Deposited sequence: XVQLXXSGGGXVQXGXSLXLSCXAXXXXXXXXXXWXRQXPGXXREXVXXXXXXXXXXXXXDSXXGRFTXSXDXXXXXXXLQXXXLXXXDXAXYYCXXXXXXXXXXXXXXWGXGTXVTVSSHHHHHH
């Protein structure tokens, strides 16, 4: 079990960014996205539950971001649109070890830099 996030970079205000994270089986577990400013704490961004259990988003990223998941590729995705300077942070991916979605976030990723 290991996670590796990808897809970040540098981008101007208003443009997009598609993040991805592969797992080293996650079809039964939820994959959440978290971000952290250099001088702040990790805040929740989005969470893709199991296929059919829909998705959930924070208040900061409602309408602008879209979370997805490919069970066949054991990967999660996070499409980001209309990026603001406030969204600039390091983005992490975690697995909710509890199948009941209580959020036992045990496994975490290396992270990816995002700067606007």
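Pop the missing stretches of the deposited sequence into a list, counting residues from 1 and keeping sequence order. The deposited sequence has unmodelled segments at 1, 26, 119 to 126.
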